[PDB]
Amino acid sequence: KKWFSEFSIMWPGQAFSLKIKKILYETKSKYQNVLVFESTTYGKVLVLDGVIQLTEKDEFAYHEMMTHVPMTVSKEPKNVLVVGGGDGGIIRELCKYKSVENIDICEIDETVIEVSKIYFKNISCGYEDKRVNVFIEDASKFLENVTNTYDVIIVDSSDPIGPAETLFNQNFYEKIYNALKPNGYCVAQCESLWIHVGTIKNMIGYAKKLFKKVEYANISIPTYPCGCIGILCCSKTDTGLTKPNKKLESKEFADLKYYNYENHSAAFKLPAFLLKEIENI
């Protein structure tokens, strides 16, 4: 069998590889190269522009922490926006909340959505839900135009190289600011503390220019570079996102595989070198 290997200039001098059972689908969409394969040990794998975006084995770590962090802090969230997140993992976790009334998803590339509906039926099952509304558009354009404001905005983008390039700037964070309710929350995918401290420092400067509370958490996920991924957490109220305001005790949440009440706060407890870097910001 052959191996898929994940090289990038965004993590120079290192690579992570998975063994391929069979290749399932490959294409050049309007925005990116799309690859789906079955791996021998991580289940099916979505690769976009050569970078692992998700695998069946560990996807729940990122989707649960990205969703249930902000959704346990927001008191009664009604209107939620997902930016990117074509695969549907976030949406799946959002549908567990009976209080949610609407879920807008703004994803630039419909190939991602359709591929996910076909090959990742346990991830993309949230699309069945009547509350979900799909907009195929650059979130950068979408956030300049939206009329609604949102209780939570979850930014589940790919890397700064490619289509997500328009989301890694000051102007984008202003649009997130204006699209949020007076007391709303944003969580954004924010790279790895092991290799991307320059970027984390930028993203935090952008956010702090606008939000009352910017906080950074970290998720263990083995198929992302360095085995972890940060979440940039932005708050309009002074309280922030480190403390859950509810426990997830209904039958909808009995199946949670990573998130719990205790590791919500823990994820915000960062290595010493990172804290040293991010407090003259």
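For every residue, the number given is its place in the sequence shown, counted from 1.
- Relative to its counterpart among 80 to 88 and 170 to 178, 170 to 178 has the higher mean temperature factor, C-alpha atoms as listed in the PDB entry.
- The deposited model assigns a higher average Cα B-factor to 234 to 242 than to the other stretch when 234 to 242 and 29 to 37 are compared.
- When the modelled residues of the chain are ordered by their C-alpha B factor, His68 lands in the lowest third.
- In the PDB entry, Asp151 places in the lowest third of its chain by CA B-factor.
- In the PDB entry, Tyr261 places in the highest third of its chain by CA B-factor.
- The deposited CA B-factor of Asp58 belongs to the middle third of values across its chain.
- For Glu215, the recorded CA temperature factor ranks within the middle third of the chain's modelled residues.
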